[PDB]
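Asker: Sending over a structure as structure tokens; questions will come in a sec.
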Amino acid sequence: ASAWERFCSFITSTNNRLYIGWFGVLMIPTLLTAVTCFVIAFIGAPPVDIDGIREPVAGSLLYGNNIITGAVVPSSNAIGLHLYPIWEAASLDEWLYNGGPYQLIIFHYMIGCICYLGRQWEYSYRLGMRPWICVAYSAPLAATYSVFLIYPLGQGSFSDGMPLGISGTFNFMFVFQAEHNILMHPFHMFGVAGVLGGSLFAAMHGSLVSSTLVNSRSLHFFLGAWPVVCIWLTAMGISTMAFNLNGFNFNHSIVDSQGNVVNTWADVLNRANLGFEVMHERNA
Amino acid sequence: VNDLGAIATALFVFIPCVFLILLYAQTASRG
Amino acid sequence: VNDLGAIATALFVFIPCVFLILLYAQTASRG
Amino acid sequence: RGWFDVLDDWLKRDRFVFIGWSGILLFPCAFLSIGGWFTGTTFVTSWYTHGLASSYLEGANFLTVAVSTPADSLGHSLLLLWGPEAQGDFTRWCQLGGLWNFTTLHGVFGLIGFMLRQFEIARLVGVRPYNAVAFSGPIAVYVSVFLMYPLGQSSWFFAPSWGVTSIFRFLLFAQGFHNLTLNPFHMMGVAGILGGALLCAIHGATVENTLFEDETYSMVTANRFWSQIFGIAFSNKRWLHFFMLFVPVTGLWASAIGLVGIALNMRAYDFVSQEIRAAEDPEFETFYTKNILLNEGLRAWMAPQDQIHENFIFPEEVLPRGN
Amino acid sequence: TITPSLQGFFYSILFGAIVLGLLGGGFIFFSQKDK
Amino acid sequence: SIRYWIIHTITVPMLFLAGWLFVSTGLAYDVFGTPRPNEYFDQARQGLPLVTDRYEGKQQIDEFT
Amino acid sequence: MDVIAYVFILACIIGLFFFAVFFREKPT
Amino acid sequence: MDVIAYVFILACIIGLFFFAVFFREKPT
Amino acid sequence: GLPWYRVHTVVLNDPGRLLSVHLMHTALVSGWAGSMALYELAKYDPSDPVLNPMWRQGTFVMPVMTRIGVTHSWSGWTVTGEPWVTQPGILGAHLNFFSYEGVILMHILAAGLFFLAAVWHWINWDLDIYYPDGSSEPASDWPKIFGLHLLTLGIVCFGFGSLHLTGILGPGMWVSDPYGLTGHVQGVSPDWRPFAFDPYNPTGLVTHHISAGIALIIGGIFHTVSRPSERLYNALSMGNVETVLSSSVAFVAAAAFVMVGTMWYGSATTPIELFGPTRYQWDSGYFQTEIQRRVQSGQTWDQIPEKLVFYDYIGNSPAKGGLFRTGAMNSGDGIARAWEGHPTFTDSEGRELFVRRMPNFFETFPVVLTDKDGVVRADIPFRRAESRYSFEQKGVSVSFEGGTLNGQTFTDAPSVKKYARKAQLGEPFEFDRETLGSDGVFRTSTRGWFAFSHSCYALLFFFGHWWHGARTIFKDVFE
Amino acid sequence: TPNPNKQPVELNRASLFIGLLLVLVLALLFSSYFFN
Amino acid sequence: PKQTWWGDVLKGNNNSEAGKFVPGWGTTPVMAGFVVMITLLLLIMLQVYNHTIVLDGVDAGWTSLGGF
Ligand code: CL7
Ligand code: CL7
Ligand code: CL7
Ligand SMILES: C=Cc1c(C)c2cc3nc(c4c5[nH]c(cc6nc(cc1[nH]2)C(C)=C6CC)c(C)c5C(=O)[C@@H]4C(=O)OC)[C@@H](CCC(=O)OC/C=C(\C)CCC[C@H](C)CCC[C@H](C)CCCC(C)C)[C@@H]3C
Ligand SMILES: CCCCCCCCCCCCCCCC(=O)OC[C@H](COP(=O)(O)OC[C@@H](O)CO)OC(=O)CCCCCCCCCCCCCCC
Ligand SMILES: CC1=CCCC(C)(C)[C@H]1/C=C/C(C)=C/C=C/C(C)=C/C=C/C=C(C)/C=C/C=C(C)/C=C/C1=C(C)CCCC1(C)C
Ligand SMILES: CC1=CCCC(C)(C)[C@H]1/C=C/C(C)=C/C=C/C(C)=C/C=C/C=C(C)/C=C/C=C(C)/C=C\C1=C(C)CCCC1(C)C
Ligand SMILES: [Fe+2]
């Protein structure tokens, strides 16, 4: 009953309402920090110079936006990959102006996510069950790390990271499509197949069980495995596109015998990408 | 008139009413 | 914005909520 | 025993596959739809309707073949092989895009036949036909996208051409012109699909990781695990599986209502207060406004070639840019 | 007076009758065969 | 087993060649109206043959042809 | 005032989470 | 719109009278 | 207890209480009809029938009333553009009573009566009729009840077609010209020649409701006498009311789809004087073609009837609205007051060019003034860009024929730009927003709201049909 | 004469929480459009 | 079980022949023909509305309103 032993028996105990565990020891502060800063910076936060051009972009509720259009703007383009802690800032108002809250939120959130995976494993151990829920959870984890961490690393700044907002997500998707043509990348096709097929198999399994309940184990194995594998693949696809290894490109493929070019659907898709791109790229 | 006049009247009508109806319903369900 | 936007949102929030709470209360009072 | 009873028993007899009465509608229609698509990709081109090379003879790729939609001038003509357009000439029927109508209509009747088939099979086995009700969602999506949408528009030309890159063109067109991503019904559809995938994944993993060392898995351990890890858990198996059924289907139906709304240009294209506030001062910039700008750009840069029939001519001066 | 479009529709009824008749005839005939 | 092998050996390559010759002899272009690689444009007919009328589409293509 | 509507709905959601976590009827 | 508020309250009162008259629990 | 989504099954086995809830639903529906019409009357502007018709004003039920006879109001005004004359003088001239308020009063009265009947049938749930001669279990014969109902509806359909629609003993129906100029409520005469199948010729409607009416009467009589067949009776489970529910829901969904088709594509039932122009009349240049031919037919520009030019505005199209842009159209671009007149544009060289009109699709369009020969002459470059074919660099005057700006010539570059944008929005018009605080963004007419709402309803009711068919066929399993 | 067909209506706690979550989430999603 | 007057009037229509059916197929063959008939009728109308079928002198459009 050493004080240290008593503490350990408290944390690694299956009688709390929510299991804490050693991974949860890191999970709780980081997640609480991320949630608190996200709430604060989503309700009210100054406009952020996303383009690093002294011109700001607002995203908070008190500055005009609603839930659909509000967001937490990524840290400024001038910062690059530099960590921007509050104590490493010239002035609080400036630190907000450069987009520090985004950095705070995403870093605490990513650490909390990986610790949450660890906590899942730990409790599976403490209860005496095979410890592979965490393996399945590793897929959406990979996806978030792709959009928030790996893509900015490949692109050199967190200004290319995903905004934390509903409309920011769509803006990110369209700019990503413009610059990398993700639709014609096979890994995203695997991901689309994964989500749609996962819904299909979920509906089929639920209908069958709920209809007759009024190797079969391999059935549930396949249920678990299919969408997880596809999400791993599409997360890897995003990560590869973060290193300028873009998808397929079939523009200007068929040419007339004399030398003219006959259009195909890929050219229409490329022209749509061209529109998205030229609307992007403020200057050149 | 007051834009909040209608809202105040509606909430005054509604809140005690839903309270009373809830009490009566959870009384009558019981034997 | 729409002056009726807030009213529509409030009634949407409230009516199903009071319905559900009433059903649960008159369920739980009964054994 | 009249001819009808003989026919019925013959249909219901066990074979490698089950035909049933539904088969009489499903198999011919499904086979014709598939054959129409294969023919349209292999041989027929869209050089006369969209001015594209969407066939293998043209030299296209598997990702660029497409049974392209009929021309714009035909409106919503059914394009029968013997109609006022084709007039019995097979080649003109193909060039005008009649293969699109052939494939889509026979697909509709194949889907109807499949739902009837599931009704019939559940009737034979003697279990609740939740499978048919589940399949009702895909039929809603199909009817909303391939029939109701082009019917609410000017012509079949605006329907999704059967393909891969053609479907991608349809997605980008919908974003550019209807701003679909901002539609709440599409948001419910996305939530339904992603939640269905989530449910499949975690249900499979849980059942695998609570297996008894021999239904067949410790429901008690699974319940406690999820309660103490996530907070909430299913304590009822029937509810668990009905929920798995319910979520993706509901997502599909919500998206279907979203798609029928945009078929009438009854689209949630913008937020009025944001437009007003942006008009007042030019400094006010949010992500929604930049999405609007992207939509303007995509419309301008895609319209001259997507809707080639309209003979749009936009010079370089009028094309929006980030200057 | 008959127009080309109406005549086409009449030929459609002919062809549809033929298709349905051949399908139904095949089904009923084969069902009767292996009684 | 063995018997059907004779029939399939005699037939399947004949069908394969049937499709092969259907493409090679240029019959497909006539059947489906698909232009020959030189038929997309003349030496200067670089305009597109797009149908503008619903009622007389086949004749208009005949003009485009 | 929209901000008040959004914040009120959100606070109600959080309260619902609190009650759904710590006050669920015991499974049995 | 005040007229609508007044008329709605009044109609609710009349409905209350109808139910209080023809649907009271029997005294005993 | 029952789950919240099955609470109403407690009337499945009780014919009396089932009838009671049907009567209550009918009371609600009739009450809504009355209340909605009352509200529309209380928010209406009869002064302007030309540049502010009912469809511009967010009316929903008024066009449906007006379709088959009701035009005037007790306050006097008619919708056809004349104060109502009490042409009624005798019995069979109730026309002075059945104005909008008369219909409202009758519907509210029906609501009350149906509510009272519903209360009565709820209390007296155990009438002897619901029970057979010698069995305690209530049991109804659905086939004969269907026959009786069908016979009643056939009689009413035949009466509607032959008396009301023909105008023999009724107001007739709304008819109009191909361009929505003259709108009468006149009787129609039925003709069985094939052109009565033209959906835009009203003579079909009467011809339908007569013949179809008779077809129902026969169809009623047969079912009032003929028994079902064991085969069908067992297959469809005619002893179980759930099958009636399934089939009825399917029928109603099909009806909704057909109605949406007619509403969106226009027909004789939906005239543009009532519900507004379709979205295809803008696409096909229907009104622009007509006007251009009329002016080209020697008439001067100022002599063009203003309804015909209002129809050529794109703000009237039902395909320019939004899902959450609420209220009447006049809450949008504002209420029109005057037509500025047909504008024409000329460049420095004096060549006459035209502005390309914005299609239904585009929320915004690039303004491009092009030579009639297909060569772009001038334009308005993007928000801030340097140009070579430009508005000012080339210089453009605009001159207006007819209307408010008659004979005028604006060469002020902001003025030319404003009227260029107006010209690409159809016909230039005087719009007021100060009265209503209008938002400048468009809204859809009555036609669009009908199409959208009932397409959604039909889509949902198909799923309802599938579910209830499933619960009928699988009845032994669903318990 | 009493009606046999009367039956009570049941809704347990878990169902209440599920319903409230559905309602609140739908309200949050659609308010941003209702305010337009 | 009140023996009202209207109940006396209508009970014969309510459930005199409740649960009675004729054996076999009965009129079902005849019904078949009727269905096929309407299956043409509706079809024709659709095509007439669709401008697939063009009846002589029947211009399916707004021009047919001429005469009112
Ligand atoms: C416009 C370009 C485009 C189109 C048209 C398009 N996609 Mg995508 N697309 C997909 C489907 C899809 C379908 C079915 C589809 C057609 O219907 C499309 N797409 C279409 C999915 C397979 C896949 C996305 C699936 C997906 O969402 O992946 C998981 C990603 C995340 C963030 C999961 C988050 C996990 C976190 C632990 C959550 C915990 C925090 C939460 C607050 C906790 C709350 C708890 C409590 C309080 C309630 C996808 C992607 C993705 C992208 C991108 C850039 C795109 N896309 C782009 C497109 C991914 O990065 C991305 C990708 O692959 O990277 C992972
Ligand atoms: C008197 C002559 C006649 C008339 C006018 C008439 N009936 Mg009948 N009739 C019925 C309804 C009815 C209605 C609703 C109705 C008026 O609208 C009529 N009838 C009218 C049913 C109650 C009953 C049998 C019910 C019954 O089984 O009907 C057949 C079954 C079904 C599923 C209907 C088929 C529907 C399809 C799913 C539609 C799919 C649409 C498609 C996707 C796209 C369309 C394309 C288009 C362009 C072509 C009946 C009978 C029956 C008969 C007979 C002989 C009749 N009738 C006769 C008539 C039965 O055997 C028989 C009987 O048993 O009498 C007691
Ligand atoms: C949504 C698809 C659908 C349609 C359109 C539909 N049903 Mg059902 N349906 C019934 C009647 C019915 C009628 C008379 C009818 C056509 O008029 C329909 N249905 C139609 C009852 C016999 C039976 C029980 C009914 C029953 O229990 O209803 C209880 C419902 C309650 C307390 C509220 C539900 C909330 C709604 C959001 C109401 C919103 C207001 C309204 C929208 C205003 C617009 C009016 C109009 C335009 C719609 C039934 C069921 C049931 C279901 C389900 C899933 C459905 N349905 C579904 C449908 C049962 O479980 C269940 C079942 O049978 O399980 C045993
Ligand atoms: C692209 C996505 C997608 C595909 C390809 C798909 C495919 C399938 N779904 C089925 C079922 C289901 N899907 C369901 C829910 C869903 N289904 C979903 C998404 C899809 N479902 C989603 C997201 C859900 C969640 C709600 C359920 C509940 C079921 C089933 O019960 C059923 C099955 O049994 O599953 C195993 C099978 C139906 C078999 C059939 O009709 O044969 C008959 C074939 C016919 C009728 C021909 C159809 C012709 C089509 C419509 C048009 C032409 C298509 C071309 C030939 C190919 C074009 C390809 C290009 C576009 C690239 C088939 C494996
Ligand atoms: C005209 C006036 C109309 C007024 C409004 C009427 C409103 C009626 C009530 C509407 C709401 C009903 C809710 C019932 C809720 C309820 O009790 O559900 C639980 C219930 C359980 O059914 P059982 O038969 O097991 O038990 C029934 C009893 O518990 C209650 O009757 O199942 C369903 O209702 C099936 C559908 C579930 C639907 C919800 C599934 C999704 C939940 C999560 C979604 C939101 C989160 C998304 C995150 C991204
Ligand atoms: C499968 C796959 C994944 C792994 C790699 C691998 C290379 C193996 C790859 C396979 C690739 C290959 C070579 C696939 C070959 C696919 C093909 C072309 C299959 C095609 C079968 C063709 C069919 C049905 C055509 C049927 C045509 C029909 C009815 C015609 C219908 C008709 C129409 C269209 C017009 C009117 C007249 C008529 C007759 C009614
Ligand atoms: C009681 C009495 C007896 C003797 C005769 C006398 C006349 C005195 C009689 C009195 C009768 C009177 C005054 C009857 C009045 C009846 C009335 C006003 C009935 C009600 C009509 C209102 C209805 C349906 C409600 C519709 C509301 C719905 C859909 C719910 C949601 C809505 C839907 C789903 C569509 C979009 C809009 C909204 C609001 C979201
Ligand atoms: Fe399972």
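In the structure tokens, each chain is lettered A, B, ... as it comes, each chain's residues begin at 1, and ligands are numbered from 1 in order of appearance.
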Present chain C as a PDB file with C-alpha atoms, in the first residue's frame, least-squares fitted onto chain B over all of its C-alpha atoms paired in order.

Answerer:
```pdb
ATOM      1  CA  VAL C   1     -44.570  46.845 -31.252  1.00  0.00           C
ATOM      2  CA  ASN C   2     -41.925  44.971 -29.271  1.00  0.00           C
ATOM      3  CA  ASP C   3     -40.338  42.228 -31.357  1.00  0.00           C
ATOM      4  CA  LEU C   4     -39.876  40.337 -28.092  1.00  0.00           C
ATOM      5  CA  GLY C   5     -43.504  40.895 -27.106  1.00  0.00           C
ATOM      6  CA  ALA C   6     -44.651  37.883 -29.107  1.00  0.00           C
ATOM      7  CA  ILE C   7     -41.796  35.743 -27.803  1.00  0.00           C
ATOM      8  CA  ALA C   8     -42.509  36.685 -24.187  1.00  0.00           C
ATOM      9  CA  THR C   9     -46.207  35.961 -24.644  1.00  0.00           C
ATOM     10  CA  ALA C  10     -45.469  32.620 -26.299  1.00  0.00           C
ATOM     11  CA  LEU C  11     -43.055  31.482 -23.606  1.00  0.00           C
ATOM     12  CA  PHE C  12     -45.442  32.610 -20.872  1.00  0.00           C
ATOM     13  CA  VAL C  13     -48.213  30.590 -22.523  1.00  0.00           C
ATOM     14  CA  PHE C  14     -46.030  27.561 -23.109  1.00  0.00           C
ATOM     15  CA  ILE C  15     -43.717  26.860 -20.166  1.00  0.00           C
ATOM     16  CA  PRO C  16     -46.319  26.508 -17.375  1.00  0.00           C
ATOM     17  CA  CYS C  17     -48.575  24.686 -19.828  1.00  0.00           C
ATOM     18  CA  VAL C  18     -46.011  22.034 -20.694  1.00  0.00           C
ATOM     19  CA  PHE C  19     -45.142  21.724 -17.006  1.00  0.00           C
ATOM     20  CA  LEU C  20     -48.769  21.080 -16.055  1.00  0.00           C
ATOM     21  CA  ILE C  21     -49.371  18.676 -18.921  1.00  0.00           C
ATOM     22  CA  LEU C  22     -46.256  16.720 -18.004  1.00  0.00           C
ATOM     23  CA  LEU C  23     -47.376  16.429 -14.388  1.00  0.00           C
ATOM     24  CA  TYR C  24     -50.850  15.286 -15.382  1.00  0.00           C
ATOM     25  CA  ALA C  25     -49.528  12.746 -17.880  1.00  0.00           C
ATOM     26  CA  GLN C  26     -47.074  11.186 -15.463  1.00  0.00           C
ATOM     27  CA  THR C  27     -49.904  11.100 -12.946  1.00  0.00           C
ATOM     28  CA  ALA C  28     -52.471   9.444 -15.210  1.00  0.00           C
ATOM     29  CA  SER C  29     -50.079   6.801 -16.529  1.00  0.00           C
ATOM     30  CA  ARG C  30     -49.639   5.693 -12.949  1.00  0.00           C
ATOM     31  CA  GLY C  31     -52.722   3.883 -11.663  1.00  0.00           C
TER      32      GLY C  31
END
```

Asker: From segment 224-414 of chain I, collect each residue whose DSSP state is strand (DSSP E) and return the set as a PyMOL selection string.

Answerer: chain I and resi 335-339+342-347+352-355+368-371+376-379+396-401+409-410

Asker: Taking only C-alpha atoms and all ligand atoms into account, produce a table as CSV in which each residue of chain A with an atom at most 7 Å from an atom of ligand 1 appears once, together with its shortest atom pair and the distance in Å to one decimal, ordered by chain and rising number.

Answerer:
```
residue,atom,partner,partner_atom_place_in_ligand_line,distance
A:113,CA,ligand 1,37 (C),6.2
A:140,CA,ligand 1,29 (C),4.3
A:141,CA,ligand 1,37 (C),5.4
A:142,CA,ligand 1,65 (C),6.9
A:143,CA,ligand 1,65 (C),3.6
A:144,CA,ligand 1,32 (C),4.5
A:146,CA,ligand 1,64 (O),6.7
A:147,CA,ligand 1,60 (O),5.9
A:173,CA,ligand 1,54 (C),4.6
A:174,CA,ligand 1,1 (C),4.9
A:176,CA,ligand 1,54 (C),5.6
A:177,CA,ligand 1,2 (C),5.1
A:182,CA,ligand 1,57 (C),6.3
A:183,CA,ligand 1,3 (C),6.0
A:188,CA,ligand 1,63 (O),5.6
A:191,CA,ligand 1,22 (C),3.6
A:192,CA,ligand 1,22 (C),4.2
A:194,CA,ligand 1,22 (C),6.0
A:195,CA,ligand 1,22 (C),5.1
A:196,CA,ligand 1,14 (C),5.8
A:231,CA,ligand 1,65 (C),6.1
A:234,CA,ligand 1,63 (O),4.1
A:235,CA,ligand 1,65 (C),4.2
A:237,CA,ligand 1,63 (O),6.9
A:238,CA,ligand 1,60 (O),5.5
```

Asker: Ranking I:87, I:346, I:30, I:140 by minimum distance to residue 16 of chain K and counting only C-alpha atoms, which one comes first?

Answerer: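 Checking each candidate against residue 16 of chain K, we get I:140 as the closest.
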
Asker: Counting only C-alpha atoms and all ligand atoms, what residues are within 6 Å of ligand 5, given as an MDAnalysis selection string?

Answerer: (chainID C and resid 15:16) or (chainID I and resid 3:4) or (chainID J and resid 10:12 15:16 18:19 21:22 25)

Asker: Run DSSP on the backbone of this structure and report the residues of chain F it assigns to alpha helix (DSSP H), as a PyMOL selection string.

Answerer: chain F and resi 3-24+27-32+57-64

Asker: Please identify every polymer residue within 7 Å of ligand 7, using only C-alpha atoms and all ligand atoms, and present the set as a list in words.

Answerer: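 So, counting only C-alpha atoms and all ligand atoms, the residues near ligand 7 are residues 28, 29, 31, 32, 35, 108, 109, 111, 112, 113, 115 and 116 of chain I.
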
Asker: Mind listing the residues within 6 Å of ligand 6, only C-alpha atoms and all ligand atoms counted, as a PyMOL selection string?

Answerer: chain D and resi 32+35-36+38-39

Asker: What residues have any atom no more than 8 Å from ligand 3 when counting only C-alpha atoms and all ligand atoms, and can you list them as a PyMOL selection string?

Answerer: chain I and resi 3-9+12+242+245+248-249+457+460-465+467-468+471

Asker: Just want the 9 Å neighbourhood of residue 56 of chain A, counted on only C-alpha atoms, with same-chain residues fewer than 2 positions away dropped. Output as a PyMOL selection string.

Answerer: (chain A and resi 46-54+58+97) or (chain D and resi 283-285)

Asker: Please find the residues contacting ligand 8 at a distance of at most 8 Å between atoms, with only C-alpha atoms and all ligand atoms counted, and report them as number ranges by chain.

Answerer: A: 205-206, 209, 220; D: 203-204, 207, 237, 241

Asker: Have a look at atom CA of residue 281 of chain A and atom CA of residue 290 of chain D and let me know their distance in Å, one decimal.

Answerer: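 One can read the atom CA of residue 281 of chain A to atom CA of residue 290 of chain D distance as 11.9 Å.
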